[PDB]
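[1] Please work out how this folds:
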Amino acid sequence: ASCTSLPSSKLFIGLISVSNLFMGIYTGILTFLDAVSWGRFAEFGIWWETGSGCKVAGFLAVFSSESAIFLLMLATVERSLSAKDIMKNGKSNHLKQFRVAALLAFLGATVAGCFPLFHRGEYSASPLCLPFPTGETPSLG
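    Residues are numbered from 1 along each chain as shown. You can find the structure just below:
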């Protein structure tokens, strides 16, 4: 909200917070669905599981988790590069490079999330729509 220079640390905190947005959104959708099915989950069970909603929620959760982890490694690598320049040169700036790396990490996360979609049955293993070694064994493992 403050129109400042937004240094690299603040931007990294912000983007990790956006990953937090998707985590919280996924969890809140879960609750919302559970509250809708208060005492009547079985009625919505199959419809949700085979429906597009389960795929959407599972992909969103997987993407949010993987993106959080990847943003974390990007932030740690950037901080280490800043420290290395501090003890080596005196100035570090890979703003465009790190933005490109963040976008590539988002691409990898989305690819991982969409991979179960093409195999027709990986995501609907559980109502939570979470990769488990219960149904499709090889790909999920």
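[2] So for the helix or strand encompassing residue 102, what gets flagged as buried?
    Residue 102 is located in helix 95-118, with elements delineated by DSSP states H and E. For helix 95-118, a neighbour-count test (16 or more other Cβ atoms under 10 Å) marks 98, 101-102, 105-106, 109, 113, 116 as buried. Bear in mind the C-beta positions are built from the backbone N, C-alpha and C, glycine included.
[3] and which of those residues is nearest to residue 62?
    Nearest to residue 62 among these is residue 113, at 4.2 Å by Cβ to Cβ.
[4] unless I'm mixing things up, the closest one is touching residue 65, no?
    No - taking contacts as Cβ atoms under 8 Å, residue 113 lies outside contact range of residue 65: 9.4 Å.
[5] Between the two ends of stretch 80-95, how far is it?
    End-to-end distance of stretch 80-95 (Cα to Cα, to the nearest Å): 14 Å.
[6] Check the spacing between the residue nearest the centre of the chain and residue 25 real quick.
    Nearest residue to the geometric centre of the chain (Cα atoms, centre = their mean): residue 64, 1.4 Å. Distance of residue 64 to residue 25, computed by Cβ to Cβ, to the nearest Å: 8 Å.
[7] Then residue 103?
    As for residue 103, its distance to residue 25 is 21 Å (criterion: Cβ to Cβ).
[8] ok, and what's touching the helix holding residue 102?
    The contact list for helix 95-118 (Cβ atoms under 8 Å, 6 or more residues apart in numbering) reads 8, 15, 55, 58-60, 62-63, 66-67, 70-71, 74, 78, 122-123, 131, 139-140.
[9] In helices only, show me the residues you listed.
    Assigned to helices by DSSP state H, the following of the contacts of helix 95-118 qualify: 8, 15, 55, 58-60, 62-63, 66-67, 70-71, 74, 78, 139-140.
[10] For the nearest residue to residue 20 once chain neighbours are set aside, the count of nearby residues, please.
    Spatial nearest neighbour of residue 20, excluding adjacent residues (Cβ to Cβ, 6 or more residues apart in numbering): residue 68 at 7.2 Å. Neighbour count of residue 68, defined by other Cβ atoms under 10 Å: 18.
[11] do residue 37 as well
    Neighbour count of residue 37, defined by other Cβ under 10 Å: 15.
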